[PDB]
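Geometric and topological summary
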Amino acid sequence: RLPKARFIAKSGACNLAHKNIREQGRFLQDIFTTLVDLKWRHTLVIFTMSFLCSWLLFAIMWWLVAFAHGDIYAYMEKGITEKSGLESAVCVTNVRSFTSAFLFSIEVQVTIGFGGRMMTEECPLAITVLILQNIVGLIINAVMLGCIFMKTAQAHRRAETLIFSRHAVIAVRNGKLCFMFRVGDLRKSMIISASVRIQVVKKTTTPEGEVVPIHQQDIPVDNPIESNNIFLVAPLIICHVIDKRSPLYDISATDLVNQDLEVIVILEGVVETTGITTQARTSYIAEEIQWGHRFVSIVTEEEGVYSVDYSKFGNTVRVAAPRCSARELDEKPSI
Amino acid sequence: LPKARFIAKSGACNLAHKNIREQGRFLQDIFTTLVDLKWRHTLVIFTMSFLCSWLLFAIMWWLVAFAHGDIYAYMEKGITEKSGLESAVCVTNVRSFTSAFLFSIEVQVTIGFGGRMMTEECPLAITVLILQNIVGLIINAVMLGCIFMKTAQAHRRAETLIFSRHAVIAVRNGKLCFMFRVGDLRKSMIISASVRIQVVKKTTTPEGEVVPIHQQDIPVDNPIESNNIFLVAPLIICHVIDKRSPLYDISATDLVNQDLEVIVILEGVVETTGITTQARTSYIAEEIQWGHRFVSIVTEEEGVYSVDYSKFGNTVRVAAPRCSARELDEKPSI
Amino acid sequence: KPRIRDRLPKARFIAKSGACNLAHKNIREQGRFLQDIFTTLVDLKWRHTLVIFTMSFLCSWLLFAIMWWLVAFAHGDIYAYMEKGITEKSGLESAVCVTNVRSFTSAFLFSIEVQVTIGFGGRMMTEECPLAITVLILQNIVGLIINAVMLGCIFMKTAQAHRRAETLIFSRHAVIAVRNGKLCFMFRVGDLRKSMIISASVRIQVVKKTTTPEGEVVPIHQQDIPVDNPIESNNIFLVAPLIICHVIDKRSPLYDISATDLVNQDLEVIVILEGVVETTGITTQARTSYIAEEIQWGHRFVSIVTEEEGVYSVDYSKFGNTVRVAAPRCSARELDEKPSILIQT
Amino acid sequence: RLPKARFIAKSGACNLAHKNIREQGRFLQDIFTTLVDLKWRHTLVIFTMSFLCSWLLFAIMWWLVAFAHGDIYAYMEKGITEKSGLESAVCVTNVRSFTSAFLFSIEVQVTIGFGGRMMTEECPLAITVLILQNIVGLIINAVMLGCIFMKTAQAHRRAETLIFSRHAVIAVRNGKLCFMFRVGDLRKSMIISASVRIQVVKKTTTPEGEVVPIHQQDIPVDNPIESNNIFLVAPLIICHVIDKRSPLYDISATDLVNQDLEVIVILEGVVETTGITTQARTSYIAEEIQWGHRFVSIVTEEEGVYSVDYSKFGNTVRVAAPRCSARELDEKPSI
Amino acid sequence: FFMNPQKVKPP
Ligand SMILES: Nc1ncnc2c1ncn2[C@@H]1O[C@H](COP(=O)(O)OP(=O)(O)OP(=O)(O)O)[C@@H](O)[C@H]1O
Ligand SMILES: Nc1ncnc2c1ncn2[C@@H]1O[C@H](COP(=O)(O)OP(=O)(O)OP(=O)(O)O)[C@@H](O)[C@H]1O
Ligand SMILES: Nc1ncnc2c1ncn2[C@@H]1O[C@H](COP(=O)(O)OP(=O)(O)OP(=O)(O)O)[C@@H](O)[C@H]1O
Ligand SMILES: Nc1ncnc2c1ncn2[C@@H]1O[C@H](COP(=O)(O)OP(=O)(O)OP(=O)(O)O)[C@@H](O)[C@H]1O
Ligand SMILES: [K+]
Ligand SMILES: [K+]
């Protein structure tokens, strides 16, 4: 019940499906690659989750370190203020509860250090865990800071916005046929070194056995200097005449109603503000190829300055066209 | 009045993208525009964000040192009437707002003097501490990223490319031309530069379909037909008029009532930064002197070549034929 | 046995894997200036970076702890504290240079407390000994510099994490056949990375030892060959794998070669293709070598794309599978130099 | 002895004047750009001087502030009675001299914050100085971190490493005059999509009575598909066919010596290790082109692995070459 | 020191 498989959906996104793949694995370096690029919703969570985790973990470590040295006994049980004089043997001055260890870990890692919970020189394990906690805190801090700067570097690029018309046409220009779509642009910055390429996708057997299933020929776009470049501010019409060398040369008015054609168009180039290459692609199955229809004039010189009227981006009007073939039209004068 | 031009004499393509569809300003755009600001705003937003965070959390600490009873203890109880605050307050030594502001500054900027120490008596204070701490770190990261992004754009300064306001249609080795002069100010050499020349006019195809504006192209003369070019000194771009060029039937003495425009586009990459760049300009009919040819510049003086911009773009009048290239070719010799 | 003698020597120019196995010699090595080592710090791996990071911080702490220990020693401070005359008699009035620095352990704790901006308050610098203030200034300058350098290292190891490795794949073996009436050279190219490759290009070159009528001989001579495109351009789209064929016309430098003589032929085919990746911004270049011994004549590639239910399927198991369809023999020049019938092909 | 000045010196760095240029003034943007592009021996000086100046200036302000409120003139009188100085509410506890104020600054900006010198809520001027000091400290710290990282990031590239032959050779090839120079390499990663261009620069007239000081006449490097793109992993000989279309037609060895001419060679490509575009140039003068001295083979062929040479890089061996022009070469082209 | 063999499994 499904329609013929399309090579490229209207929103680019070549929908091929590679199977029989020699699946390597992950290498555990994939996680960091994913982490550097997340939607901002998450990178205000993994920040909080990392900081809060590390804090709590080192808090429990301080709790056990103090607990096993007998400090908590000396604080809790012995006299509160007067009946007891500290033996100075304590490991971490004035941390007599878990919450105290939390308010010590925060101090020891966010570099606050209020100074009501000092580090004495008795318990060597305490100094060891202090070195370890400080090192871990710095490593996490640098990684998170670099992640935040990376996700502030990519605030310029948003999305490829280059708009091709819905359905193409085929008309008459200078006594010869053609085939036209309509490219366009939206945002402020122009394109730089823009290029256009037209490929026709077909299943073309050969007289020598080979039958390439999905094979893609390239066809030229009309231009008086044979250069595939284009400089666009208002929408252009990148025509591509048909001739004996061209593959569409055997197309027909009625056969196109049931035919296997696939004219993908790709457009490449950079943008001045971003300074990043980019490209956009689309395809035109036979069902959305009209005939005789030509595109409409869109630019009208108003009183002050030129105006491009997007109101009729893809509107088409019928005009004279012959129902014969390209080879019929070019076969003979009388033809 | 003035007939509109496609692109003005100094970049800045002027048009009217009328009736565009509504995308909707998505929220990420605010950060996007934060990243790229001039420096007479970056320090302002920086300072305002820091001060606002400080003041807001200071007010929060004061409320925490009000709902819990501490200010009453420190105020009403004298030095020795209670003789020491036995019931440890949520935060020690917070008995004002200014004092709470100082405590907030201490906690935010990672100073923590010690007088405004914190005890583990009440939980809400600890929760506020964690909240303010994490928010402060996030703001710190954001502002550091902003300042470093701006630092990374020190080289990217401006655009400098010296075109001319006068195109010359003058004879050269038995043909016509439409030359112009291209300069360069920056000490760098533009790597892999290219030039392009386009012609804009209203057109009517033989089958009656019209195109109001339209970009025809014209080749750039080069003995290898290559759009690459090497602009060290000022150069004289030219576009010879063959029989098949659009300008082949120009109104030689009537370049007034002609609907025409010439566009020049120069592409390159700067070999100091690596940023691609593109400059452009346009010649209307009225700014195209006829018969006038450009002026030689370089004059060797003391074994070092000299280039003077004093006479950069002034042209000397020279007699020349006055007839279309079709009229200068159809006849055997003119 | 005998084959190994022929086997030991092998005139090859770039590795089948892709590296350019060669040898530079007689260079004018003027030296190796210092900054190079610093660059090696940037481009290490995570295990080495973590070790150098933590080791650097710990080394700085220990060194300046020894320094603070000496400073609080020479000022006649450790003894002044050790005098247990009273609970606190001479350690307050005598104005010790640095408060509460009693032993190297304590001095190290102070170094930690002053370098990472901890500031535990129990042991503060004082206004008496200018030497301590000088060493504190030096401490903080070196601390901030080390912090900045290590942050730069870790960040730059983050910003060079988009890359993983090359992902362009070539066929193990070549193929030569007859297509569209004339002899053709084949090779298979495929891609694995989901992100596309924009503005790609390919080049095929013949590497050979040459001769000149004047007499000069270039040992490794390179000459390009066309890539047979319908519009004569080196632009190739990479969605499905394909065969970048090159018609062996008379103008090509493989006219004279024959199918029988292939085993001894000294010519080597090199393929170099390149393009920029869309989602990273880096221009990559992948190169492969086709040695004469690997060019199985007569073979052809099979179809690798079939219509599934609504969407095309593509295989990679049958990727390099070739069928030995019978092919014309030694006709590269024979058929090219067409006989009177000119129908031997 | 006379200079007879060139266009590009043998190492590059086009030595041409630029006179009568209207000034654009300057911008502090230029001071910042100068800062970023510095070298280490000055970064590790400007950074430290910035820090030390910051600390000293804020310490001076702190000392003045503690003077005006009478803090100094108040701690002094407290001889032995601690209460007699504790009673008066000082503005910054335990600052009593310059050195003290210096230490208070150095504890405030770097955020060390010991706390034995505490700040109280008794003097709004102290709060404004604190705010100002902390903001200045953050801005200075951020910009210096930016500079240091920028050096750690862009110290991955070095001076261009390309080697050209000292001399150029006009030789014989395939039965015709020809032009040759040598272009080598020293780095590891091969440049990507390299291109080469050759320009003959000489003062030219124009038969319609117009002169031009320094023309530039691009000329195509020989290749079977006319493609400037060149593979470059071993030293090469970028040839140049000489034709009745090329501006070297009318030069013989007799006329070679005192002839006004030049050749500029510019080649460009993108290094992949640094992912950055670059271009290098050379320039040969008339007297530096040893006629007929054909270039000498370089590379050798060992059994296991090839090998090359650079000691005899620009050795110009001599072989028989005609001492005659190119037009005359086909004027009597018999033998 | 393991083979670490890779085989894909069918839907
Ligand atoms: N104002 C506009 N802004 C942006 N894109 C537009 C606008 N008008 C039309 N388009 C483009 O036209 C394409 C198809 O438009 P859609 O099918 O929604 O309307 P349509 O009139 O049926 O088709 P079309 O607009 O192509 O004639 C879309 O890709 C869209 O981007
Ligand atoms: N000395 C100079 N410095 C910088 N730019 C110059 C200089 N001389 C000319 N230019 C540039 O040349 C362009 C046009 O030069 P032209 O010979 O037409 O003189 P002009 O147009 O009369 O000068 P202006 O536009 O200043 O009146 C201008 O855009 C100008 O920026
Ligand atoms: N299914 C696949 N998935 C991923 N890569 C493949 C696959 N098949 C082949 N390759 C790659 O193609 C290259 C040559 O493959 P080939 O056509 O020789 O298949 P093969 O003979 O199975 O390869 P090998 O002998 O290396 O296993 C190899 O480098 C391999 O990495
Ligand atoms: N052995 C070498 N290794 C690396 N680079 C070299 C070597 N020899 C020369 N070069 C570089 O190539 C350029 C040309 O060197 P060439 O072989 O022509 O020597 P030369 O210039 O004739 O000798 P001299 O330098 O004495 O004039 C030189 O500028 C040099 O920088
Ligand atoms: K701190
Ligand atoms: K970056």
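Residues numbered from 1 in each chain as written, not as in the entry; some residues may be left out. Chains lettered and ligands numbered in written order. Part of a larger assembly, values for the part shown. Heavy atoms only, no water. Residues with missing side-chain atoms left out of burial classes, pairs and counts.

Looking at the method and resolution fields of the entry, one finds cryo-EM and 4.0 Å.

Residue and element names in this part refer to chain C. Summarising the sheet, strand β1 (residues 168-170) and strand β4 (residues 188-191) pair through 3 bridges and their orientation is antiparallel. Among the inter-strand pairings, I169 is bridged to a residue of β4, identified as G190. Bridge count between β4 and strand β7 (residues 242-243): 2 bridges; the pairing is antiparallel. Counted as the bridge partner of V189 is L242 from β7. (Pairing = 2+ DSSP bridges. Helix = DSSP H or I, 4+ residues; strand = E, 2+ residues; numbered from the N terminus.)

The next thing to look at is the packing of helix α4 (residues 98-108) of chain B against helix α5 (residues 123-151) of chain B. All names here are of chain B. Contact geometry of α4 with α5 gives a least axis separation of 10 Å together with a crossing angle of 55 degrees. Considered as vectors, α4 and α5 are oriented oblique to each other. Between α4 and α5 the crossing geometry is right-handed. Contacts from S104, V107 and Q108 in α4 reach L129, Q132 and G136 in α5. A class-by-class count of the residues in the contact of α4 with α5 yields 2 nonpolar, 4 polar and no charged. (Axes fitted to C-alpha atoms, helices over the stretch in contact; angles between N-to-C directions. Parallel < 35°, antiparallel > 145°, perpendicular 65-115°, else oblique. Left-handed = near helix turned anticlockwise from the far one by under 90°. Contact = heavy atoms within 4.5 Å. Nonpolar A, V, L, I, M, F, W, Y, C, P; charged D, E, K, R; others polar.)

This brings us to the UniProt feature "transmembrane region" in chain C. Under the present numbering, the feature "transmembrane region" in UniProt falls on residues 47-71 and 132-153 of chain C. The annotated region residues 47-71 of chain C carries 100% helix and 0% strand content, and the separation between its end C-alpha atoms amounts to 36 Å. (UniProt positions renumbered as here; feature names shortened; annotations may be inferred.)

One salt bridge connects B:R196 with B:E267, and the closest N-O pair in it is separated by 2.3 Å. Here B:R196 is found in strand β3 (residues 190-200), whereas its partner B:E267 is found in strand β8 (residues 261-270), with 71 residues between them in sequence. D:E272 serves as the salt-bridge partner of C:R287, at 3.9 Å between the closest nitrogen and oxygen. A residue pair is termed interchain when its members come from two chains, as with C:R287 in strand β10 (residues 283-290) and D:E272 in the loop between β8 (263-271) and β9 (276-284). What you see here is one network of salt bridges that share partners, running through B:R172, B:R293, D:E208 and D:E210. (Salt bridge = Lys/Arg side-chain N within 4 Å of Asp/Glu carboxyl O.)

Turning our attention to the sheet that holds strand β3 (residues 17-18) of chain A. The strand order across the open sheet formed by 3 strands is β3(A)-β13(C)-β12(C), and the pairing between neighbours is mixed. Because the sheet does not close on itself, it has two edges, and the strands there are β3 of chain A together with β12 (305-307) of chain C.

Residue and element names in this part refer to chain A. According to the domain assignment, chain A consists of domain 1 (1-16 + 158-335) and domain 2 (17-157). For domain 1 versus domain 2, the distance between C-alpha centres works out to 60 Å. Taken together, the contact pairs 5 residues of domain 1 with 4 residues of domain 2. Its residues assigned to classes, the side of domain 1 that touches domain 2 comprises 3 nonpolar, 1 polar and 1 charged. (Domains from an automatic or database assignment.)

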